[PDB]
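First residue of the first sequence? That's 418 in the entry's author numbering, and the numbers climb one at a time after it.
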Amino acid sequence: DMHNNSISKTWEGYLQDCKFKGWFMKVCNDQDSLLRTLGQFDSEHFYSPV
RNA sequence: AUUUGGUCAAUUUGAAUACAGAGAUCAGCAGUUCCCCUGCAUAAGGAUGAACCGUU
């Protein structure tokens, strides 16, 4: 039962160079790890911690 | 009171032969245009489905 769960569109933009080689879904144990993963495409800035 | 409205053409001629003059009728199908339905393609544009975790 997940009434708490929800989704929000954070961004809806245009990128100069698309460094994402494919669609590499993942899970990480921590936030730092996630950030690092994101920055594998030289783009940590996508994640919005709230 | 009379009379014109009355010349067959065609051919053989240097009047004779001709004798009215030479496809019909019934029925398909396709095309042309517009419309409607149906299946497919092409573009575009939606809508939606599908277990479960992925990739340095």
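We put the CB at the ideal spot given by N, CA and C, even for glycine.
- Using a C-beta cut-off of 8 Å, the segment 423-430 makes no contact with the segment 443-458, since fewer than three inter-stretch Cβ pairs fall below that distance.
- Judged by DSSP secondary structure, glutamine 448 falls within the alpha helix (DSSP H) whose first and last residues are 448-455.
- Residue nearest to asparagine 446 within the set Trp440, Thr454, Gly439 is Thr454 (criterion: CA-CA distance).
- The beta carbons of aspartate 459 and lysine 436 sit about 6 Å from each other, so the pair counts as a contact at 8 Å.
- For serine 465, same chain residues with a beta-carbon under 8 Å away, outside a window of 5 residues either side, are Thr427 in chain order.
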